[PDB]
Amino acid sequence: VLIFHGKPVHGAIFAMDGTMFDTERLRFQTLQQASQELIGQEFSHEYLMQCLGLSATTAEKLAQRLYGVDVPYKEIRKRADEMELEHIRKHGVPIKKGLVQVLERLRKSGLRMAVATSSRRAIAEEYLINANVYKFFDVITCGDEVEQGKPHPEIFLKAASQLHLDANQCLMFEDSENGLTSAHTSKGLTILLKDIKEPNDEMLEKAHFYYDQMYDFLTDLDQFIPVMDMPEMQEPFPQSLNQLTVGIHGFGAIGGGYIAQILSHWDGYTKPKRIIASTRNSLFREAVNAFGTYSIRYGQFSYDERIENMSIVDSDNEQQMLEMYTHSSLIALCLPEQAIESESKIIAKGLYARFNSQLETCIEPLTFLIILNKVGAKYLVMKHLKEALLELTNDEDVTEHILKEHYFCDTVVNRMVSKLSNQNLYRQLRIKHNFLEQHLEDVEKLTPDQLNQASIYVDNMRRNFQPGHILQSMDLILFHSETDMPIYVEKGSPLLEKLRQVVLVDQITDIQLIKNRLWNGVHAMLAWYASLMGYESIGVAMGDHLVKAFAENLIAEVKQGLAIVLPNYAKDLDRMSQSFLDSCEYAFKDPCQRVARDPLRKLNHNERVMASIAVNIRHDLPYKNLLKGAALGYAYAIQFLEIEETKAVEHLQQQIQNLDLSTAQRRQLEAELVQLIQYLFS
């Protein structure tokens, strides 16, 4: 049962104009233009304000009081409605920000829903179908269907009666003083949203709850509806689109093959209407924009996940990058460490444009996710961003205001993704182009007035849509990824509170430590073992029984010490361990060289190998596989990276001396480690 502010709610009834849609402001202009053309004067602001919530019949009676019994209101209204339907035909129904997010929350909560509007059925059905919100309502009650319109309670009492609920079990959404009175008298749980009239004390008194805008009600409603569970593999994305735009700065492997799935799942109720991703790969950009979508292939389940509403922009195109930072609510920076410095100038330009623009998107702060498998990624990005903003604005006050306005969130990503090579994309485009060519070979009770009009609609639609019919079973595969779902994100941004694929953490350091030791540690040691055994990738190495056994034992050893050091992360350790082993199995596009790089840095006392050894020695847990991994590291540095034996031993003795162990444990470790290194050289 949906509980809202202590009250059990079973239904929700909405006023349409001014509450769901921003159509009262447009109607003010059409009625003013139609009255100017017919009675030589515009309808006053006072008359049009008094009309809010009234049906065309009651608004006609009000026009006869102020302008005279012979006022041609029916002719003025008819002309205004025609101009209004023409504006809606050219630009669409202006939907109040957050409406579909609210509707999907109430629908998924099991509420019976209705519209109670003073507008006539024809206009109401036009706007509800045009805005694609008609599907959310069981009942529609209109102004031309009630004897006593607003402020009389009849229309709300009738909508509640048609939903088979008492008015007091219904939330009633209103914007006008007349409408609010109708809903309040009916006995509904009134929710007043500000539209044109600044609510007076009488409106604020009878309203059960008041919000300045639909988004503010959405924020309150979120406290009464749950955060959806972590998505499963193959679970579909939400159908409904909200009005938000999200951005992926860097359409590489993790951005396209992972962040896009996170952003497409959004909160489970709705998903962004547009995802802007930036890349310098022209082939990738043009391919996505030709299809409108791309797909992520998950080899394990042979499942192609389609990422809809994608828009790929050129990274070097200043105007497209400004649009991403000006229209987006969330931006995920998915750049390599090498690109941070040069890209910070583009991030600065976009954040400065967001600061200067007067749009209704730049008012809310931006949530900036920093996606980088490096400890201190947030600090590296923030330092470069501050430098770039300072030289661009040449104003310390503007720079500080920008860096304090937004939520810069550090993250822990575990999913392994591989971006398709340009040669493989080219081959895919060549094969699917021939399919498109073959598809083009195969395809080559109404009045007569509207039956001929329908023939034009259907012909124009068949001509434009037919070539794209092949997209029903044709995907643009761009990424091959693993099945790891959760992204660990720093808590703080309120925009992250409902994202179902995000795991919020108060401090990111604990899951960063787990990532470093359990994931990166076992990965670097597995790469050193595989490099010395002659394998060029982890996936090929996993074919060797001794390599697969080493990986299973090495992760079981690290996890054992981590379960004691961080018992609050016990389930995460079990999940990440199996995730690592599953992702290592067929990792053919994961070369050993990149994973085994910088072995002396990875063999430091506080790094991914020696720190786990010290923990297992301090808690009397086995460490033979961890010792073998450390020995493989020093052997790899000497045999492959040409590091002198004298420097490897000097580094070995320095890190062991830095470890928090007894003198006996340090000596035993040093002797066992040097013994294994000498044994490897045979």
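Residue positions are given as counts along the sequence shown, with the first one as 1.
**Q** Please classify the coordinate gap between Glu444 and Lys445 in terms of deposited residues: none, 1 to 3, 4 to 9, or 10 or more.
**A** Missing in between: 10 or more residues.
**Q** Compare the mean C-alpha B-factor of 215 to 223 with that of 468 to 476 as given in the PDB entry, and name the stretch with the higher value.
**A** For C-alpha atoms only, the mean B-factor is higher in 468 to 476.
**Q** Averaging only over Cα atoms, indicate whether 428 to 436 or 99 to 107 has the higher B-factor in the PDB entry.
**A** Averaging CA B-factors over each stretch, the winner is 428 to 436.
**Q** Quick one: which of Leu420, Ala260, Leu600, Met228 has the biggest Cα B-factor according to the entry?
**A** The C-alpha B-factor peaks, among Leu420, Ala260, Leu600, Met228, at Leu600.
**Q** Select one of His384, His208, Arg415, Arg280: the residue whose C-alpha shows the highest B-factor in the crystal structure entry.
**A** So the option with the highest C-alpha B-factor is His384.
**Q** Sorting the chain's modelled residues by C-alpha B-factor, tell me whether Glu323 ends up in the lowest, middle or highest third.
**A** Middle third, going by the recorded CA B-factors of the chain.
**Q** By its CA B factor, does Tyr407 count among the lowest, middle or highest third of the modelled residues in the chain?
**A** Its C-alpha B-factor belongs to the middle third of this chain's values.
**Q** Sorting by Cα B-factor within the chain, modelled residues only, which third would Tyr529 end up in: lowest, middle or highest?
**A** Tercile = highest for this residue's CA B-factor.
**Q** Divide the modelled residues of the chain into thirds by Cα B-factor and specify which third, lowest, middle or highest, holds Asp510.
**A** Middle third - that is where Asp510 ends up once the chain's C-alpha B-factors are sorted.
**Q** Taking the entry's C-alpha B-factors for this chain, is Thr399 in the lowest, middle or highest third?
**A** It belongs to the highest third of the chain when residues are ordered by C-alpha B-factor.
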